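Coordinate-derived values only; no laboratory data. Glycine also receives a Cβ, built like all others from the backbone with ideal geometry; neighbour counts cover every protein chain displayed.
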Amino acid sequence: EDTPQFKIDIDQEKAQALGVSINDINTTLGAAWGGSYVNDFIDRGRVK
Amino acid sequence: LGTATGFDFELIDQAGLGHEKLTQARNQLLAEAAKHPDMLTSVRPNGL
Amino acid sequence: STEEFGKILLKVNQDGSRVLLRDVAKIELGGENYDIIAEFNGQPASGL
Amino acid sequence: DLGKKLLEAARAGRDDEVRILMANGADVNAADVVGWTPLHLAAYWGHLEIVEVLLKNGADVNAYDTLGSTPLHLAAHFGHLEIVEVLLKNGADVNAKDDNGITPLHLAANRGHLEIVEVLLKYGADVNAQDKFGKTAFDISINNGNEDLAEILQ
């Protein structure tokens with residue numbers, strides 16, 4: 001069944017005004033609250 | 001088809017030791033094989 | 001909808017004037033390509 | 001527990017069971033995780049008869065969620081003319097501002113609910129009211145490009 005969800009609205013004009021990119025906004029919100037797979041590393045000889 | 005009386009052995013790193021510890025293990029197995037010239041002959045690594 | 005695409009803010013002028021997408025373009029639902037045009041006994045038609 | 005069954009009854013549009021919970025004295029201002037009362041849910045899912053029953057049993061009409069939004073905010077956004085009129089009859093703050101400064105008129109203007117916009121103005125809406133960005137219901141109608149609405153807001 002449907003559940004409450006936190007609808008955030010990015011104001012384009014206000015962002016364009018302050019000189020903040022939308023790419024940086026979305027990456028910040030998405031990476032922080034959602035998680036972001038950056039690249040691979042080696043843990044005891046295995047790619048992870 | 002290779003040759004007859006010839007064998008193909010694979011030494012495996014099963015516990016994330018590393019390349020150096022596996023080399024030491026190979027070197028240790030090769031040295032032991034060399035003390036049985038009556039059973040084994042030409043026991044050598046295939047790699048570099 | 002076409003209304004939401006119409007109100008896409010492209011830039012903001014120094015006098016606080018919003019240059020929207022509908023101010024520099026006509027917004028409408030239209031075919032991906034306009035190459036194929038079919039007619040059934042002369043009248044407008046489509047098909048598979 | 002009983003206040004929880006009221007939230008699920010007010011949302012699931014069960015008129016009969018919502019009234020049974022009143023006989024048993026269910027908390028009418030029973031707020032969920034997000035701070036929504038039964039009135040919030042009925043205004044949202046468009047349950048008019050549940051809204052009326054609730055307000056009768058002393059529902060707080062100016063109840064606000066964890067983001068400052070009232071039932072009137074939800075009625076005016078989802079275009080529930082009747083429900084909007086009931087809340088305004090029962091003394092809803094027509095100039096109610098949420099955390100972002102968005103009013104019930106702001107939301108009516110955005111979704112282009114001309115009939116509701118007229119009810120709010122009738123009841124004493126402030127057209128010059130601003131959100132946190134300094135945009136009015138008139139500013140909205142121009143950007144959205146609504147002519148019928150913009151002439152009403154003048």
**Item:** Simple label model, 7 Å out from Cα along Cβ direction - A:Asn26 to C:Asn13, nm
**Value:** 2.9 nm
**Request:** Under a cut-off of 21 Å between alpha-carbon atoms, report the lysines in cross-link reach of D:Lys4, not counting same-chain residues fewer than 8 places apart.
**Result:** D:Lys56
**Request:** For chain C, state which chymotrypsin sites (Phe, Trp or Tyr not before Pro) are in a DSSP loop and have at most 10 other beta carbons lying within 10 Å of their beta carbon.
**Result:** C:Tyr34
**Prompt:** Once the Cα gyration tensor of the protein assembly as shown is found, what semi-axes does its equivalent ellipsoid get, as square roots of 5 times the eigenvalues, in whole Å, sorted largest first?
**Reply:** 65, 33, 23
**Prompt:** Taking only DSSP H segments of four or more residues, each worth -39500 (n - 2.57), what value at 222 nm results for the protein assembly as shown once the sum is divided by all its residues, to the nearest 500 deg cm²/dmol?
**Reply:** -12000 deg cm²/dmol
**Request:** Take the Cβ-Cβ distance between A:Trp33 and C:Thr2 as r, set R0 to 35 Å, and report the resulting FRET efficiency rounded to the nearest 0.05.
**Result:** 0.65
**Asked** Once you wrap a convex hull around the alpha carbon atoms of the range D:38-154, what is its projected area averaged over all directions, in nm²?
**Response** 6.4 nm²
**Request:** Taking a cut-off of 21 Å between Cα atoms, list the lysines near C:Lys11, but don't count ones fewer than 8 places away on the same chain.
**Result:** A:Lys14, C:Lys26, D:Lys132, D:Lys135
**Complete:** At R0 = 45 Å the Cβ-Cβ FRET efficiency linking A:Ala15 and C:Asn33, nearest 0.05, sits at 0.80
**Complete:** Karplus ³J(HN,Hα) for the range A:7-19 (6.51 cos²θ - 1.76 cosθ + 1.60, θ = phi - 60°; Hz, whole; x = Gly/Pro) runs 7, 9, 10, 6, 7, 4, 4, 4, 5, 4, 5, 6, x
**Message:** Taking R0 as 45 Å, what FRET efficiency do you get between D:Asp16 and D:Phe133 from their Cβ-Cβ distance, rounded to the nearest 0.05?
**Reply:** 0.50
**Asked** Any idea what diffusion coefficient the range D:3-58 gets from Stokes-Einstein, in µm²/s, Kirkwood Rh on alpha carbon pairs, 37 °C, 0.692 mPa s?
**Response** 309 µm²/s
**Request:** Please list the equivalent ellipsoid semi-axes of chain B, computed as the square roots of five times the alpha-carbon gyration tensor eigenvalues, in descending order and whole angstrom.
**Result:** 22, 14, 8
**Request:** Treating cross-link reach as a plain straight distance, find the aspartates and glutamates whose alpha-carbon is under 13 Å from the alpha-carbon of B:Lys21, omitting any fewer than eight places away in the same chain.
**Result:** B:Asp13
